[PDB]
């Protein structure tokens, strides 16, 4: 009914973590930094990006710490009970068949 779109150009924070489901489909997790400048100063936003499927395979193979990457996906907030029993929330950028990723540079 609506539109849920995120566009990021940033730098991969760590070694991408790739995983596989029983069926063989790939899931790759990264953090992606984007930052702003300032004077009279730097604010960095750390985004949790999850790729699915083909893009997960490309991401897991070619991305490295410091990779500059374009990502188009959608926002998803996952709900989970912490070990102390209270609700927590995690907002991720989901990059699947409806999204896009381009390796830059």
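We call the rigid core whatever largest set of C-alpha positions still superposes within 1.5 Å between the two forms. Residue numbers count along the first chain shown, from 1.
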Rigid core superposition, C-alpha RMS per stretch in 4 other deposited structures of this protein: which comes out larger, 92-100 or 19-27? 19-27
Which of the two stretches, 56-64 or 29-37, moves more in 4 other deposited structures of this protein when the core is held fixed, judged by C-alpha RMS distance? 29-37
Would you please confirm whether residue 10 lacks atomic coordinates in a third or more of the other entries that were compared? no
As a check of understanding, is residue 81 unmodelled in at least a third of the other compared entries that model its flanking residues? no
Per the record, the count of deposited residues between residue 40 and residue 41 that have no coordinates is 4 to 9
Tell me which stretch, 47-55 or 31-39, has the higher mean Cα B-factor listed in the entry. 31-39
Give the stretch, out of 62-70 and 22-30, with the larger mean C-alpha temperature factor in the deposited entry. 22-30
Residue 86 - which third its CA temperature factor falls in, relative to the rest of the chain: highest
Relative C-alpha B-factor of residue 13, binned into the chain's lowest, middle or highest third: middle
